[PDB]
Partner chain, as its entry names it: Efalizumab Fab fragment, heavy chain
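Take a look at this single chain, the form solved without its partner chain, given in structure tokens.
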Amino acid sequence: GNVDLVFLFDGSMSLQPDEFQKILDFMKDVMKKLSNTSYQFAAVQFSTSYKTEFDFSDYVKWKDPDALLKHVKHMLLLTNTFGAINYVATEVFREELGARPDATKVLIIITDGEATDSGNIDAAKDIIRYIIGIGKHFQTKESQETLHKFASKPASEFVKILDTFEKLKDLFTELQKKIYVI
């Protein structure tokens, strides 16, 4: 079916350059895998503030993950997840930017820390939300549970916790096994 998917990725100061690049490579792999489907993509970096790295219209003209993500600069600031989700819901899912009104709305959030802001995400309730929490800031189950509020229910489907950035390759292998394009 028609899916408008947005990647919302953390550019916080905690990320080393190879870790940040692993996030970027995961996004490129997913998009490569789903080229030729009727998925459309956008990507937003968040840290303290928010930047649309590419929107749906951009993806439809270029259709090239390497080109679309070539000029990403790592922000290196905080983790304002509440505001970032609201940015996606109000600034990214818009017909003017290539969003399709018939499409299922999916958001994938990739983060390595707890949120530094406060808010609510009512404006994003019609969006299916996955969150991928990576690394040492999610060793404890308290910290993992802070992510449940951002994800769709049940957290058992929509919250993924990865202990290292190397495990993003494993997560992609699971996607390759479960999604089947004919």
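Residue numbers count along the first chain shown, from 1.
Chemist: Mean Cα B factor from the PDB record: higher for 170-178, or higher for 6-14?
Modeler: It is 170-178 that shows the higher mean C-alpha B-factor.
Chemist: Going by the average Cα B-factor in the PDB entry, point out whether 97-105 or 74-82 comes out higher.
Modeler: The stretch with the larger average C-alpha B-factor is 97-105.
Chemist: From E114, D122, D66, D29, pick the one with the largest CA B-factor in the entry?
Modeler: Spelled out: the listed residue with the top C-alpha B-factor is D66.
Chemist: Kindly indicate the residue among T52, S152, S49, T140 with the greatest C-alpha B-factor in the PDB record.
Modeler: That would be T140, according to the entry.
Chemist: Going by the recorded CA B-factors, say which third of the chain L147 sits in, lowest, middle or highest.
Modeler: Middle third, going by the recorded CA B-factors of the chain.
Chemist: Among the chain's modelled residues, which third holds the C-alpha B-factor of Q40?
Modeler: Answer is middle: the recorded C-alpha B-factor places it there.
Chemist: Splitting the chain's C-alpha B-factors into thirds, which one does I134 fall into?
Modeler: It belongs to the middle third of the chain when residues are ordered by C-alpha B-factor.
One more form of this protein should be noted, the form solved in complex with its partner chain, which is absent from this view; the next part is about it.
Chemist: Among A155, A67, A123, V60, which has at least one heavy atom within 4.5 Å of its partner chain in the deposited complex?
Modeler: Only one option qualifies, and that one is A67.
Chemist: Considering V92, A103, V72, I110, which brings a non-hydrogen atom within 4.5 Å of its partner chain in the deposited complex?
Modeler: Only one option qualifies, and that one is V72.
Chemist: Just to confirm, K28 within 4.5 Å of its partner chain in the deposited complex by heavy atoms?
Modeler: Output for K28 is yes: heavy atoms within 4.5 Å of its partner chain.
Chemist: Applying a 4.5 Å heavy atom distance criterion, does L97 contact its partner chain in the deposited complex?
Modeler: Heavy-atom contact with its partner chain at 4.5 Å: absent for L97.
Chemist: Hey, in the deposited complex, does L24 get a heavy atom within 4.5 angstroms of its partner chain?
Modeler: Contact with its partner chain, yes.
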